[PDB]
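In: Please find the sequence and an experimentally derived structure below.
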Amino acid sequence: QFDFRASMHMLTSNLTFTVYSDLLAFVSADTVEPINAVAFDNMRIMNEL
Amino acid sequence: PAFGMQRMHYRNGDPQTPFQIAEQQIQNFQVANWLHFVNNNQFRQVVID
């Protein structure tokens, strides 16, 4: 039987989101000058003349 | 190559010129006496007239 007073339900959610997908489209990276580029140690790669 | 030793590995921007390193590493006398005049060849600033 369809009871109207016992079948009402209060559905709760949020008001406002803003959903993003591509997160690395916000950063803006850049390389240092390639003659001064350091390896895992302190010294630079391709240093010997 | 003329003394039989391994050729030197000179990195960029070292504070010593390769003649200034090779007077320590070499062991002859006649070719380490010429190599000392090249390191200490300088103009002499005197005041004339």
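Out: Everything's here; your move. Residues are numbered from 1 along each chain as shown, chains lettered A, B, ... in the order given.

In: for chain B, what are the nearby residues on chain A?
Out: Proximity of chain A to chain B is confined to A:47-49 under the rule CB under 8 Å from any CB of the partner chain. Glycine gets a C-beta too; all of them are placed from N, C-alpha and C.

In: Neighbour-wise, give me the winner out of these.
Out: residue A:47 (14 neighbours; other CB atoms under 10 Å in any protein chain shown).

In: for that one, what are its contacts?
Out: Contact criterion CB atoms under 8 Å, 6 or more residues apart in numbering or on different chains gives B:11-12 as the residues in contact with residue A:47.

In: give me the element the residue nearest to the spatial centre of chain B is part of.
Out: If you average the C-alpha coordinates of chain B and look for the closest C-alpha using CA atoms, centre = their mean, you land on residue B:19, 2.7 Å from that point. Secondary structure assigned from DSSP states H and E places residue B:19 in helix B:18-25.

In: can you give me the helices for chain B?
Out: With DSSP state H, the ranges of helices along chain B come out as B:18-25, B:30-39.

In: For chain A, what is the nearest residue in chain B?
Out: Nearest residue of chain B to chain A (CB to the nearest CB) works out as residue B:11 at 5.1 Å.

In: for the helices of chain B, which one sits closest to residue A:16?
Out: helix B:18-25 (69.5 Å; CB to CB).

In: burial measure for residue A:18, as a count.
Out: For residue A:18, the neighbour count with other CB under 10 Å is 4.

In: and what of the one 3 residues further on?
Out: Other residues within reach of residue A:21 by the criterion other CB under 10 Å amount to 5.

In: For it, give its distance to residue A:15.
Out: Computed as CB to CB, to the nearest Å, the residue A:21 to residue A:15 distance reads 21 Å.

In: Please report how far residue B:27 lies from residue B:3.
Out: According to CB to CB, residue B:27 stands 8 Å off from residue B:3.
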